[PDB]
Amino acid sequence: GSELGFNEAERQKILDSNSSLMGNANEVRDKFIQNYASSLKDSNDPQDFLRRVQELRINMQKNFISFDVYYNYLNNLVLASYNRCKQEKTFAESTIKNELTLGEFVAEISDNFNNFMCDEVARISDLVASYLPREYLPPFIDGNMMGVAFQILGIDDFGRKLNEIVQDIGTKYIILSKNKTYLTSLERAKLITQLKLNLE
């Protein structure tokens, strides 16, 4: 079982193989936001703010900034991650005869799949949300300007796409882990008894 557990070397291979797509997204975001977004603070009024946000969106495009590459990158990661973990799990199931040892490998493979994917999703999601930079918001900023600004910048749409990836990661993790994080109904009924919880 030397090479199993979706270890750091295997996770680094997948990150390396998709590293080109990202470039230095953080550097690109920081350079872009410094150059094009500061004027948002001086918006004369609500209408003017939204107008400046649309201009910021047009400037993102002119700078080849699109969240489509970030969504593809995450899709690439889930597929390669799931593929490797599924190979490791099935290989472990065919070769490991110690049933407790097998369960430990299954838990480690699936845990590392789950945390690998969730951490990259969080990193990409934070990057995307930061294209509405809070330090440059105007002092009269309210919730409806913020919402519409999220829509204009494509951040709202990216958030919807995240639902699909998160749901997909969730199903794949449920498969890889055989759901062992969560109790059976009988195990749960017994723990509620032992814990002396009175529910409802």
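Numbering starts at 1 and follows the sequence shown.
- Once the C-alpha B-factors are averaged per stretch, 23-31 and 64-72 rank with 23-31 first.
- Averaged over their C-alpha atoms, the temperature factors of 166-174 and 141-149 are higher for 141-149.
- Annotation for residue 159: C-alpha temperature factor in the lowest third relative to the rest of the modelled chain, per the entry.
- Among the modelled residues of its chain, residue 98 has a C-alpha B-factor that falls in the highest third according to the deposited record.
- Per the PDB record, residue ranking by Cα B-factor puts residue 179 in the lowest third of the chain.
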